[PDB]
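Since the structure comes first, as structure tokens, the remarks are kept for the end.
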Amino acid sequence: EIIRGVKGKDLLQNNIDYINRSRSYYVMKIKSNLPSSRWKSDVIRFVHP
Amino acid sequence: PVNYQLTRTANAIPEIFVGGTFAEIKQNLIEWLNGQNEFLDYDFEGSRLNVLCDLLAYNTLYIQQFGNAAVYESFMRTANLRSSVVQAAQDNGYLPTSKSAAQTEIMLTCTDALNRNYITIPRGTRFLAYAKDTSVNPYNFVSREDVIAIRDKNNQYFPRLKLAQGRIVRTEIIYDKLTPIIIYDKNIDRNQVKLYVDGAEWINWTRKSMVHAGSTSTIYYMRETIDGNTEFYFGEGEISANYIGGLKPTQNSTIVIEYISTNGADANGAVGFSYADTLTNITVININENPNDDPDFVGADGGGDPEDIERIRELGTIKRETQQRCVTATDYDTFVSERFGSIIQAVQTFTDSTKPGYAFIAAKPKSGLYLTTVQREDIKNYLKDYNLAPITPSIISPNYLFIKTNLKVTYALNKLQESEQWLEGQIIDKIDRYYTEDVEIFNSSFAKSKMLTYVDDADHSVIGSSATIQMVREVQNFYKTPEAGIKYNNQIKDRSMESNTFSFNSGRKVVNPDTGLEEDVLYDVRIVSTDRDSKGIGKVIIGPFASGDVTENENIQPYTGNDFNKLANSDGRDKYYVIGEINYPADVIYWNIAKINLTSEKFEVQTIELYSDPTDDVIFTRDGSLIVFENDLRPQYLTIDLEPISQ
Amino acid sequence: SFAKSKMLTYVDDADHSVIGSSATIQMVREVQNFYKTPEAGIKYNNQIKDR
Amino acid sequence: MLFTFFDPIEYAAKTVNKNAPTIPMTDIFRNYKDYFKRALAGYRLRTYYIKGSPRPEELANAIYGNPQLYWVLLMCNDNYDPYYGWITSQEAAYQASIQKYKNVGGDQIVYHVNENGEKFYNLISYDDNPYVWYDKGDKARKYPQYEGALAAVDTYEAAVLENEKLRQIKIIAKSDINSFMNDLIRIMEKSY
């Protein structure tokens, strides 16, 4: 049981079901602008593990 | 493009260098000589003051090469002449593996008369191996490292070790600090070297087997000094270390280098080894198992010979993207490379999203097919030291798609010399050279027309050629196939995807003549993918069945009809059982024999070929699946007809 | 003689990437004066398949 | 022939204009300068000739050597530029001065040379003003440098001062050169 929690982030409606949706797990979200097909080649090769 | 600002350019030698065609030089000089300056007052003549112009133009066109070539081999991407290339690749931290030696791991069954526990097996332990082309002559082998054994139960040892090709040589030298210590011989794999300085150790720098966090000084350096003869030297240190650098010798020392002679790449054969062991009571019991690991084995691997110019460059610049560390998919490809290379032809490392960590590495050895083990575990360790700490590298090996040719070269009897055989083999490597050059690597397709133009290039007498073709892709576990796996990536040309062999067991007893009985191991089976239908459909069948063993129930009722689903040739009594899907348009195969619910024990060995023929002539590739043909290992499918012509 | 593979090296050399090609050949000899044939003839070598 | 000594090789130049013709070329890519360096070991204490004459580029046929060798003088000073490396005729530097500054600034004053030789570089006096020097910027003054006094070297003098300090060289003494060159070959034939 948790007491003395904290509020980290919103993501609108809060449900353990919705908060997962499809669980990302350890995937990383590049989450910047762009069509995503221009950089996707260049993030691999020069960046990223 | 769209916006003109994106034109830029690739690597471009500017118009400043380039260099003369001659007469254009004559043009520019005349305009500079006659015009803008003199308006000739020249005292030579009407013709001479003209003629003498090109007399100094040959002086230009000369000095425009002799001195202008330097800037070509000053840079890397534009240079020619190895020497400059190599020498400029060490400041990028590379070195080009001047040669290489074969390596295996053999497990010696030997034993000692003294029965003493913890028998050793010191460094050299000279062996010899035929590396078979026929039989005659050995080469040599040396273990080069240590190991240990253990006595258990019956008195025997299993001192399994690994061994390199050449012998060894040790030249001790006094360090003058004015004397650039070197070797001069055409040899000496830089991968395996020791170089003690008078005490021990000296683990150097450029190549770590450990990396020994901290440890400061005692490093040394190995580069080139062109000429093919390797340079050793030491840092700027003092040790009165002072601050940072190499420990350096002190003005006089015994510097003991030991390398491996490395006879050459001719030794790839391996196979049978002999003891040739004289140490102490060790009997050298033999029963030497060259490949005690795993599936199919080619013999030794490596052997090197110096890397080509077109190789170095690509690996020379990319190692500026890295600094001695692999954080990136393209880094593992550079770390599985001439460092650990010559044992791996191509890589394409990738990471699977569903499974975190676990960087996956596909690799094809030059020996072909699978890396076996301990040549895999070796690639494991050398990475994980430079790797990104939590994630573990793993060698999956690619998913191989071979192709079955059945081609006929139809030469002419008139113009030959060595006739058949020698031409039978001369057509092999030309085909093999086609793979190694174009389609050996990933993402590249092949065209049978391009294979035939290397076929027709055999010598002369061969005129014309042609082939059928089948794409062969062999399943590993069989009995199931993975989930949404086993895909060609090409259009399958329905009424294809033909079986292999199989077999059965059980079927009651069925005793035979002579001895007591048998298990009824005859009466094989095999799979056929039938037709197309309204859209994909098509099903597939497990194969011929007589009667008896199955579970019929309500869910099976074996039949496709006397329609397509072509028949295996035996008694076999038809009654083909439906098994799996095989959607044609998006290439997919699905089996799961458990549908008809038989026992896996009723089947013989797994790892069966299937090999549908392609629709289109050209065979594509994707998802890290190579198309590479290697003959020497598996002859099973290559068949060629020399059917001749008399004029 | 006309070799399928010897033409396919020139059609392969057309432009930088044709990524290879394939073909199937039909042998055809047009003969004037049908209805008869010259009592021996229409002989094209390299025996053709059935039907 | 103490250059060359090997072969034309062939210079492919294939990285530019593929299928370029191979042109036999005197071989200048050996890293010669190292051979000289290592071979020289033991012949050292080559004295300091001090030059003393605007000897044209080749004094080899006068002082040590003299098969018009035109080098072993080079390898001495590790000369990067065979033209402006050696000292030049006094006027040449002057001639060299103009073409250097001809584009911008005209003739100038490069530094003001305190006695004891402390250079200053874009430090400027004001006559009819305080006698203390100032930088060429911050014209509000307020930030003086070098309260003392010194004398500017303008430009011509500098180039003279700079090239004239370039006359000292090693020799090999006209004694060793034969024994030396007799070694310098041996190292070369050694590596092949």
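Here's how to read the names in the structure tokens: chain A, B, ... by the order shown, residue numbers from 1 in each chain, ligand numbers from 1 in the order shown.
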
Selection near residue A:48, 12 Å with only C-alpha atoms, sequence-local residues under 5 positions removed, as an MDAnalysis selection string: (chainID A and resid 27:30 40:43) or (chainID B and resid 326:331 351 388)

Output the selection as an mmCIF file, in the first residue's frame - N, CA, C and O atoms for each residue.
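Resulting contents of again-v2.cif:
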data_model
loop_
_atom_site.group_PDB
_atom_site.id
_atom_site.type_symbol
_atom_site.label_atom_id
_atom_site.label_comp_id
_atom_site.auth_asym_id
_atom_site.auth_seq_id
_atom_site.Cartn_x
_atom_site.Cartn_y
_atom_site.Cartn_z
ATOM 1 N N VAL A 27 10.539 0.683 -25.272
ATOM 2 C CA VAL A 27 10.705 1.478 -26.482
ATOM 3 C C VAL A 27 10.873 2.942 -26.092
ATOM 4 O O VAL A 27 10.461 3.383 -25.015
ATOM 5 N N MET A 28 11.508 3.695 -26.974
ATOM 6 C CA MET A 28 11.762 5.105 -26.746
ATOM 7 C C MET A 28 10.971 5.927 -27.751
ATOM 8 O O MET A 28 10.858 5.549 -28.919
ATOM 9 N N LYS A 29 10.418 7.042 -27.293
ATOM 10 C CA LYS A 29 9.555 7.888 -28.109
ATOM 11 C C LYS A 29 10.351 9.104 -28.560
ATOM 12 O O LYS A 29 10.688 9.960 -27.742
ATOM 13 N N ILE A 30 10.638 9.194 -29.858
ATOM 14 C CA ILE A 30 11.449 10.304 -30.351
ATOM 15 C C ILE A 30 10.659 11.605 -30.330
ATOM 16 O O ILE A 30 11.218 12.678 -30.087
ATOM 17 N N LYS A 40 14.365 9.026 -39.523
ATOM 18 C CA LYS A 40 14.416 7.646 -39.038
ATOM 19 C C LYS A 40 15.646 6.899 -39.526
ATOM 20 O O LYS A 40 16.192 6.060 -38.803
ATOM 21 N N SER A 41 16.102 7.186 -40.742
ATOM 22 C CA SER A 41 17.338 6.570 -41.207
ATOM 23 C C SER A 41 18.534 7.068 -40.409
ATOM 24 O O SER A 41 19.465 6.306 -40.139
ATOM 25 N N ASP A 42 18.524 8.338 -40.023
ATOM 26 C CA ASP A 42 19.705 8.964 -39.447
ATOM 27 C C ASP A 42 19.764 8.904 -37.928
ATOM 28 O O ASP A 42 20.810 9.225 -37.361
ATOM 29 N N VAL A 43 18.689 8.514 -37.248
ATOM 30 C CA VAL A 43 18.789 8.298 -35.809
ATOM 31 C C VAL A 43 19.605 7.053 -35.527
ATOM 32 O O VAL A 43 20.597 7.097 -34.791
ATOM 33 N N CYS B 326 30.978 0.847 -29.066
ATOM 34 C CA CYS B 326 29.816 0.557 -29.898
ATOM 35 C C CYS B 326 28.536 0.863 -29.127
ATOM 36 O O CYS B 326 28.118 0.085 -28.267
ATOM 37 N N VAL B 327 27.907 1.992 -29.449
ATOM 38 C CA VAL B 327 26.577 2.315 -28.949
ATOM 39 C C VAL B 327 25.491 2.132 -29.994
ATOM 40 O O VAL B 327 24.305 2.275 -29.664
ATOM 41 N N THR B 328 25.844 1.804 -31.236
ATOM 42 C CA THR B 328 24.922 1.961 -32.351
ATOM 43 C C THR B 328 24.920 0.708 -33.214
ATOM 44 O O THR B 328 25.912 -0.024 -33.258
ATOM 45 N N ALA B 329 23.793 0.463 -33.886
ATOM 46 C CA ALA B 329 23.692 -0.667 -34.802
ATOM 47 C C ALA B 329 24.811 -0.652 -35.834
ATOM 48 O O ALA B 329 25.405 -1.693 -36.133
ATOM 49 N N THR B 330 25.122 0.520 -36.389
ATOM 50 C CA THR B 330 26.224 0.593 -37.338
ATOM 51 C C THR B 330 27.579 0.417 -36.671
ATOM 52 O O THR B 330 28.574 0.219 -37.375
ATOM 53 N N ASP B 331 27.647 0.487 -35.342
ATOM 54 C CA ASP B 331 28.921 0.302 -34.660
ATOM 55 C C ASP B 331 29.292 -1.171 -34.583
ATOM 56 O O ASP B 331 30.433 -1.545 -34.876
ATOM 57 N N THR B 351 18.126 -4.663 -33.639
ATOM 58 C CA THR B 351 17.512 -4.843 -32.329
ATOM 59 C C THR B 351 16.026 -5.125 -32.516
ATOM 60 O O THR B 351 15.338 -4.415 -33.258
ATOM 61 N N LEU B 388 27.568 -1.515 -24.777
ATOM 62 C CA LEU B 388 26.768 -0.716 -23.858
ATOM 63 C C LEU B 388 26.321 -1.659 -22.745
ATOM 64 O O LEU B 388 25.588 -2.621 -22.995
#

Near-stretch 1-10 of chain C list (12 Å; only C-alpha atoms; drop same-chain fewer than 4 positions) as JSON, numbers by chain: {"B": [407, 408, 409, 410, 411, 412, 447, 448, 449, 450, 451, 452, 453, 454, 455, 456, 457, 462, 463, 464, 465, 466, 467, 645, 647], "C": [14, 15, 16, 18, 19, 20, 21, 22, 23, 24, 25, 26, 27, 45, 46]}

Contact set, chain A to chain B: 8 Å, only C-alpha atoms, as a VMD selection string: chain A and resid 26 to 27 44 to 49

Spatial neighbours of stretch 70-76 of chain D, 9 Å, only C-alpha atoms, chain gap at least 3 places, as a PyMOL selection string: chain D and resi 33+36-37+57-61+65-67+79-80+82+85-86+169-172+177

Backbone-only DSSP, helix (DSSP H, G or I) members of stretch 22-175 of chain D, as a count of residues only: 33

Report the closest atom pair, with its distance in Å rounded to one decimal, for each residue of chain D that has an atom no farther than 12 Å from chain B; count only C-alpha atoms, sort by chain and then rising residue number, and write it as a tab-separated table.
residue	atom	partner	partner_atom	distance
D:8	CA	B:66	CA	11.0
D:9	CA	B:81	CA	9.5
D:10	CA	B:81	CA	8.8
D:11	CA	B:81	CA	7.3
D:12	CA	B:80	CA	6.8
D:13	CA	B:80	CA	6.3
D:14	CA	B:80	CA	7.0
D:15	CA	B:78	CA	5.4
D:16	CA	B:78	CA	7.2
D:17	CA	B:18	CA	9.4
D:18	CA	B:78	CA	11.6
D:20	CA	B:21	CA	11.7
D:21	CA	B:21	CA	11.6
D:22	CA	B:80	CA	11.7
D:23	CA	B:65	CA	9.4
D:24	CA	B:66	CA	10.0
D:25	CA	B:66	CA	6.8
D:26	CA	B:66	CA	7.4
D:27	CA	B:66	CA	8.8
D:28	CA	B:66	CA	8.1
D:29	CA	B:84	CA	8.0
D:30	CA	B:226	CA	7.8
D:31	CA	B:225	CA	8.2
D:32	CA	B:225	CA	11.0
D:33	CA	B:225	CA	11.8
D:34	CA	B:225	CA	9.3
D:35	CA	B:180	CA	10.3
D:37	CA	B:178	CA	9.2
D:38	CA	B:179	CA	6.7
D:39	CA	B:179	CA	9.3
D:40	CA	B:178	CA	9.6
D:41	CA	B:178	CA	6.7
D:42	CA	B:178	CA	9.3
D:44	CA	B:178	CA	11.5
D:187	CA	B:184	CA	11.6
D:188	CA	B:227	CA	10.5
D:189	CA	B:227	CA	11.5
D:190	CA	B:184	CA	8.5
D:191	CA	B:184	CA	6.6
D:192	CA	B:227	CA	6.9

d(atom CA of residue B:639, atom CA of residue B:406) in Å: 4.7 Å

Coordinates-based distance that separates atom CA of residue B:306 from atom CA of residue B:99 (Å, one decimal): 5.1 Å

Exercise: residue B:622 partners within 8 Å, only C-alpha atoms, chain neighbours under 6 positions left out, as a PyMOL selection string: chain B and resi 442-443+489
